[PDB]
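Each reported figure results from applying straightforward, stated rules to the coordinates on display, with no laboratory input. All Cβ positions, even for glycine, are placed from backbone atoms using ideal geometry, and neighbour counts span all protein chains on display.
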Amino acid sequence: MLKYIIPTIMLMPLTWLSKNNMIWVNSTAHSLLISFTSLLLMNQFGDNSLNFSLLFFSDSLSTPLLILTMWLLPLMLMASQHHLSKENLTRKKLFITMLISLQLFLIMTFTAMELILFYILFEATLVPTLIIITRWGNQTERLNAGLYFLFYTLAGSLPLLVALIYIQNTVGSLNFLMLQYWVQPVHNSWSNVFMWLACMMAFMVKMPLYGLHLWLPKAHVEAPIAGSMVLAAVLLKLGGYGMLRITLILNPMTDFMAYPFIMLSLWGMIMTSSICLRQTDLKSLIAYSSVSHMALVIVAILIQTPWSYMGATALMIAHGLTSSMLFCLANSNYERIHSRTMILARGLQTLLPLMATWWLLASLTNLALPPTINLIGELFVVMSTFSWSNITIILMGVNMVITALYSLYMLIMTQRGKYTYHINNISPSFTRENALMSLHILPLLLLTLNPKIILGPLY
Amino acid sequence: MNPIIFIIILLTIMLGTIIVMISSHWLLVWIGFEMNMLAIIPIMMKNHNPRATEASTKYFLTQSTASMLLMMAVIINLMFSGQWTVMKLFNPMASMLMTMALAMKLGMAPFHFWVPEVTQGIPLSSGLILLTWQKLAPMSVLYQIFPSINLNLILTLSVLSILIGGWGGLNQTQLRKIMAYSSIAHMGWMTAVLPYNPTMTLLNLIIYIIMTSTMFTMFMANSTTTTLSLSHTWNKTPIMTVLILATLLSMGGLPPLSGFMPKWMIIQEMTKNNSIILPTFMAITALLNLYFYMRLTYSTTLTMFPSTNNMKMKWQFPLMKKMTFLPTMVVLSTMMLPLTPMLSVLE
Amino acid sequence: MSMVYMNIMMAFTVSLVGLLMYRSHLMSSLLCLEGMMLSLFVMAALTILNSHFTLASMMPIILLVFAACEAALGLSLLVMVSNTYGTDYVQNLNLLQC
Amino acid sequence: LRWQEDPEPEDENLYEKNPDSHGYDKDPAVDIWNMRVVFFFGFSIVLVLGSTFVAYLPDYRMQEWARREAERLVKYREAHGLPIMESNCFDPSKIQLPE
Amino acid sequence: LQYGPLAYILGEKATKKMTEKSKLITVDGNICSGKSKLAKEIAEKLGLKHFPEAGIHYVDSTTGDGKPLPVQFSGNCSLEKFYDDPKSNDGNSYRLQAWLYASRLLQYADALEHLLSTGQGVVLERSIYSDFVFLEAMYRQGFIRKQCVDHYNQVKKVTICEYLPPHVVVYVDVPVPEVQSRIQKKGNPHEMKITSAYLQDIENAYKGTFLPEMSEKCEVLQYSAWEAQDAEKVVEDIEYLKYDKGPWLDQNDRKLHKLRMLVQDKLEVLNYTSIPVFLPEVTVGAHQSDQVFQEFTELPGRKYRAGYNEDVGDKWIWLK
Amino acid sequence: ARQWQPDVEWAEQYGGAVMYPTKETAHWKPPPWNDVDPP
Ligand SMILES: CCCCCCCCCCCC(=O)OC[C@H](COP(=O)(O)OCC[N+](C)(C)C)OC(=O)CCCCCCCCCCC
Ligand SMILES: Nc1nc2c(ncn2[C@H]2C[C@H](O)[C@@H](COP(=O)(O)OP(=O)(O)OP(=O)(O)O)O2)c(=O)[nH]1
Ligand SMILES: [Mg+2]
Ligand SMILES: [Zn+2]
């Protein structure tokens, strides 16, 4: 994995040693070249994973999350060029440094073969993420957002640290490959109940689980555009990736310990979807959409079937491109009107004809229109949960209705109707804005043709 | 104070600590504690103001009372064993007084009320010695007598130090008091692992000394002693605020920084000994320390607090402060995690 | 141990409780501190002399020297307190609460 | 006023001083090279060549081989009197059940 | 060899380079009192270095290339605008006085550094000990709010307590009516608007507060306007002064070492002139200060430490 | 919309004797700037 780690580190010298007026050009160009080379990780075999060394490996679960990660960095640099326009050069090159350092921790996190190496980099992503939110947020609530985003994660991460070390002293190794052959069943005792929670609550908070989600509406809303894109596109999937790995060593206790977290997800799925029907902030509405969508991933991971895992992986990748796209679309409006209220600028389809097409395509994937990978992932989870309990179709069907209501309501409150009269600064769509959306949707739509590469290790 | 006398006094503080470390006789250990205290009071009085006088008086009474208890433990040990070797004490009552005398010297809770006040009333340079070098000698004795220490007593002192250290620092706007309560909080970690693996006590001590030295050096570089005064550093020396952010984040125990190494290693040792509740409580309780560090980051680096007009007159002069080893200490305080297996040199 | 140890060891306790309960005067507390060292001197002297520990006979003198040298420092701080507030009252040493 | 502070600046429209602005930068020369790298490395390399590369992956996850292997076994085990598939993945001769 | 603990040990004591003719002298008086000429005459007669009265750009004259910097890197405080609109709500009234005290404080550290390092005396004009006369005049005329006076005292009482006072104070007494007569003849368009009440208050501050307090620790010489024209007579009195009162008699090498370590570190001198006291006159918003700081760093020979600027012909940067 | 930065009201919350005022902590003046109390 050094072939991707070293180039990522060399972007930092590139930014600092580049011309004062070429920081964006050089970083964007060379970050796209790193993304292009990540396609070599798809050399996957049907029996064994691609094991590079004692430290790093990449299987069919890590590969799609790596390509989305390295592909997201170029798109975050395009989105940041506007609000970082009157910023002094040194701080602009520090902002890019934080983004690069975040990618470096992420790709190593998704390939760490050792679960304690996974933990360190897993926690290492908080530092740059916190710095981006609090130093380059526009509102006074960004300072409070960082505290919520920091202490919610650490409140659950520290118990995970103890549990991981306890496992090593018992099994003898936290290397993932070894655990696949040395895993022993978990007895039903009170000690193992809290070992289960410690190993899982660190990831429930990041997914996030309903009830433990109050940090997301504060962090995703106060963060700059680049922070929101990575926050909702990759950093939420850090929790999902964690469960898919650590649930290996929690059987058969996951059969009953998952009930409280399936009801929070199945019901919290409906609640957060309902919240989006009455949100007065466009960015906040998208934040609550991630909570509703990630509720499916928790259910799929906790029922442990070949179809649930296939759906969860496609859902995590599908939501990553969609959620990032929606934040970018919402920011283009903000860059003009400079206000997050959803009912302030209406009828935008009359002033920005092309940007309205992106809104439609973004909304359709959000509501899982087939054959998009948004539907493929959601459909597979629905098939698996039906076999888990036939009554769940009621809850996951009601969520479909609500998801279509708030997604098209978002598309109708901003793009249709009557244009606001007193807003006269809605300039045409820049090439930067249009190209930013095309990069989100084209790969999202292209994956439909060959979707087996995002179906995970159980394909 | 004449420079030559200042050097001689400083060397006497070190000689006092060194005698405690190299001595195999309790009387010589007690002598080192007396010499060390004798030569640290003068540097606390160097500024000759009422607050410095009060701080020295409180410091003298606490150490003096601790010293008497330490000599009482040695004599009781002598009665029941007839020897002075610096090893496990041979009477449980001697062990309690020795353990409690060392707690008072270290400032561990509930023998902590003096640390926030003594540190406040003395300059930053004096406070740096009090919080970093003064813990080498008491920790040396614990490293040698830990087999005979009562397990419940040492963990009770360690737990209360973490709680009171975390809670005390929340209500502080004076930096010297913030460091004073951060010293107490980190002390609990050192003495909490001591029964299980003394080596991790040394590892935590070294890391704490390096990080605490960096913060005091950076506070001294700008002569800042309050939260608001530190809030102008962005408008005077912008580079310094970035260093403070990295060090404060490290002191909070966040990965991938150096400060995570002692917390990470102490949990391992306690978990190997089937101690799961205490490390979890300690790790969670340390989030209080991470909080009031993060509150200094906001007021220093992550936000630009209001400035004053005369600050422009400071842009026309450079920093003449010595800032000795500051470039090296900051790196050791933030980028040493990939070298964690190097802790075996302490074994 | 012996009947003498009951009182010498109890003398240390009395002076210890006296040192931990200030009334008004800082001088009255340094005396209690000096009381502790006198009881330690007598208790250490008895143990060493009774057991015929020849080389330890110098230990009580070293204890007296360093303890007295500590009192000389304690008196210097009491004097400087008096020069500030005109009295050795400990209730005046409360500027460091805030 | 409680302090001496600058007035809030107003956002500058990049279409005023440059109607051909692509929105990437104020400099008309940089603004045109930022667009090219995004469009050449984004749409012409990662997508067009990446999409082709993913299209011709050499038998991803050994799936086409498995189909060709099963046809071989079906030919063998079907025209030899053997069952098409067994209910035991491992022969009982190697297992030793309890008691 | 930069002066420090090592140089003092090696032999750089203050008394080894100070004589009976190494004195610090301040010439004080009202506006247009002739102190400039009198001070510049005592300087040349006794062989003493002359420090022109610190102004708004004194600090700019001791750093960089010595030329005055643009006004925005001085707080935007202008002496000219003070006379035109003393009641301006922006805060130029006090923002000037707070800045001027810093410059006087900075100069008094420059003066003592010269005296303690070379042994040569200095002659000053309105040292920090006498800058409060303009404070009282501004306040008694309703030119500054009460809190501004409180802010001035807080800054003064933590800075003026570190330095020694002047050896000799020469006060050029002038009646107020004559002073205002000289203002008109001088020809300054803005200074002519100075009212008589403002000038009378300055005299009361001198006669009521400065002189009575200064006489207990300095050798005070009082001269009318006419007497001040006989520079030889004034210098004669200075050479006959007893020098028996004041803190300067208690100073030795050990104490003068500690003082020198302070006045040479100009940031340690200016440390308490920016106390975190939020007063609208002197408080500056983060956005404004951030913008000005970046501009200041772009001026010639100021981006890096003095001596490392390649854009002003400083060489060997790769070996310094 | 410019980025919000702390103002005097926000800053003064960190310039008191204590962060959390109570009945007892009232009347606590902040320490002197240079650590010297009047003689
Ligand atoms: C080996 C493990 C690592 C040790 C760490 C390195 C040493 C500490 C750093 C240097 C300290 C230092 O020099 O002290 C501070 C000052 C430094 O002189 P300055 O004027 O500030 O600068 C001058 C140089 N410049 C400006 C060019 C940079 O020196 C002294 O006061 C010197 C005192 C010497 C006499 C001591 C008295 C007699 C002692 C014996 C009594 C029994
Ligand atoms: N606000 C304020 N103005 C001052 C201060 N010192 C001088 N000024 C102003 C008053 C005058 O307008 C100008 C110079 O006044 P002077 O005292 O130096 O008298 P003048 O220059 O006219 O002639 P002279 O030197 O006395 O012979 O600077 C001060 O401390 N505060
Ligand atoms: Mg003049
Ligand atoms: Zn904008």
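May I ask for the distance between the Cα centers of region B:190-213 and region E:117-162, given as a whole number of Å? After rounding, the separation between the Cα centres reads 51 Å. Inter-chain neighbour count for B:59-68: the average number of beta-carbon atoms from partner chains within 10 Å of each residue's beta-carbon is 6. Here r is the Cβ-Cβ distance between E:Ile317 and E:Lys81 and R0 is 41 Å; the resulting FRET efficiency, rounded to 0.05, is 0.50. Leaving out same-chain residues fewer than 8 places away, which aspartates and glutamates sit with a Cα under 15 Å from that of B:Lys58? Of all the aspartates and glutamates, those that pass the test against B:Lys58 - Cα under 15 Å, at least 8 places apart if same chain - are B:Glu117, C:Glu70, C:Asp88. In region E:161-217, a dipole from Cβ-located charges (positive for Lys and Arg, negative for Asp and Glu) runs towards its positive end, and of E:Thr209, E:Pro189, E:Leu164 it is E:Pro189 whose Cα lies farthest in that direction. Normalising the average separation of contacting C-alpha pairs (under 8 angstrom, six or more residues apart) by the number of residues puts the relative contact order of region C:3-85 at 27 percent. Taking every pair of alpha-carbon atoms in chain A, what share in percent sits in each 10 Å bin, from 0 to the bin with the longest distance? Each 10 Å bin holds this share of Cα pairs: 4, 22, 33, 27, 12, 3, 0.
Just need the relative contact order of chain B here, percent rounded to a whole number, with Cα pairs under 8 Å and 6+ apart.
In percent, rounded to a whole number, it is 15.
Of interest is the spacing of the C-alpha centroids, which for region A:10-42 and region E:213-239 amounts to 74 Å. Assuming charge only on the beta carbon of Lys and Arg (+1) and of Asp and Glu (-1), the dipole of region B:268-347 about its Cα centre is about 500 debye to the nearest 20. Near C:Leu93: Cβ cut-off under 15 Å, other residues only, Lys/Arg at +1 and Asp/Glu at -1. The net charge is -1.
For region B:1-77, the alpha carbon positions stretch 42, 26, 11 Å along the principal axes, listed from largest to smallest.
Footprinting exposure proxy ranking of A:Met22, E:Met214, fewest other C-beta atoms within 10 angstrom first, gives A:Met22, E:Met214.
Put in order of Cβ neighbour count within 10 Å, fewest first, the listed residues A:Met355, A:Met263, B:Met72 become A:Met263, A:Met355, B:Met72.
Three principal axis extents describe the C-alpha atoms of chain E; from largest down they are 63, 50, 34 Å.
Of the listed pairs E:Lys185/E:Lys245; B:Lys135/B:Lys263; B:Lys322/E:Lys320; B:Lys263/F:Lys23; B:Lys135/E:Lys156, which have alpha-carbon separations greater than 29 Å here? Pairs exceeding the cut-off: E:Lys185/E:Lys245; B:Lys263/F:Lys23; B:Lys135/E:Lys156.
Its residues counted as N, region E:126-183 yields a C-alpha radius of gyration over 2.2 N^0.38 Å of 1.39. Mind listing the phi-derived Karplus ³J(HN,Hα) values for region C:13-28, rounded to whole Hz, using 6.51, -1.76 and 1.60 with θ = phi - 60°, and x for any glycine or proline? Result, ordered by residue: 4, 5, 5, 5, 5, x, 6, 8, 9, 6, 9, 9, 8, 6, 5, 4 Hz. Determine the relative contact order of chain A: mean sequence separation of Cα pairs under 8 Å and six or more apart, normalised by residue count, in whole percent. Averaging sequence separation for qualifying contacts and normalising by length gives 15 percent for chain A. Computed per residue of chain E from DSSP H runs no shorter than four, each worth -39500 (n - 2.57), the mean residue ellipticity at 222 nm is -12500 deg cm²/dmol. With all projection directions averaged, the alpha carbon convex hull of the protein assembly as shown covers 65.6 nm². Report, to the nearest 10°, how far helix A:282-303 tilts away from the longest principal axis of the Cα atoms in chain A, using its own Cα long axis and a range of 0 to 90°. Its long axis makes an angle of about 20 degrees. Within 10 Å of the Cβ of each residue in A:78-88, the mean number of Cβ atoms contributed by other protein chains is 3. About its Cα centre, the dipole of the protein assembly as shown is roughly 1020 debye, where the only charges are +1 on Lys and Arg Cβ and -1 on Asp and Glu Cβ.
Each 5 Å bin from 0 upward holds the following percent of the Cα-Cα pairs of region C:3-85: 3, 14, 20, 19, 18, 11, 7, 4, 2, 1, 0. Of the residues A:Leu405, A:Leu444, B:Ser275, the one whose Cα sits farthest towards the positive end of the charge dipole of the protein assembly as shown is A:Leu444 (charges of +1 on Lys and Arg Cβ, -1 on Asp and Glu Cβ, taken about the Cα centre). Working from Cα positions, state the angle (0 to 90°, nearest 10) between the long axis of helix B:260-272 and the longest principal axis of chain B. Roughly 30 degrees, rounded to the nearest 10.
Counting every other Cβ atom within 10 Å of each residue's Cβ, E:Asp110, E:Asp84, F:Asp35 order from fewest to most as E:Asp84, F:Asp35, E:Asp110.
Past 22 Å, Cα to Cα: identify those pairs from A:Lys19/A:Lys86; E:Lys37/E:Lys233; B:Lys105/E:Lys255; E:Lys16/E:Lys233; E:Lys40/E:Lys186; B:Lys236/B:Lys321, in the order given. From A:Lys19/A:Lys86; E:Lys37/E:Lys233; B:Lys105/E:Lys255; E:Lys16/E:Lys233; E:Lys40/E:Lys186; B:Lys236/B:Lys321, over 22 Å: B:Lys105/E:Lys255; E:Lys16/E:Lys233.
Projected onto planes of every orientation and averaged, the convex hull of the alpha-carbon atoms in chain B covers 17.5 nm². Taking 14 Å as the straight-line reach from the Cα of E:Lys67, none of the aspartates and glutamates fall in range once those fewer than 8 positions away in the same chain are excluded. Overall, the ratio between the Cα radius of gyration of region D:1-85 and 2.2 N^0.38 Å, rounded to two decimals, is 2.58. Between A:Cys276, A:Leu352, A:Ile116, the Cα set farthest toward the positive side of the dipole of chain A (charges on each charged residue's Cβ, about the Cα centre) is that of A:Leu352. Taken as Cα centroids, region B:251-310 and region A:381-459 sit 39 Å apart, rounded to the nearest whole angstrom. Couplings 3J(HN,Hα) of region E:87-98, computed from phi: 9, 4, 6, 4, x, 4, 4, 6, 4, 5, 5, 4 Hz, in residue order, whole Hz [Karplus 6.51 cos²θ - 1.76 cosθ + 1.60, θ = phi - 60°; x for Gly and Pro]. Computed from Cα atoms, the angle from the helix A:62-79 axis to the main principal axis of chain A rounds to 20 degrees. Shielding value for C:85-95 is 3, the average number of Cβ atoms from other chains within 10 Å of each residue's Cβ.
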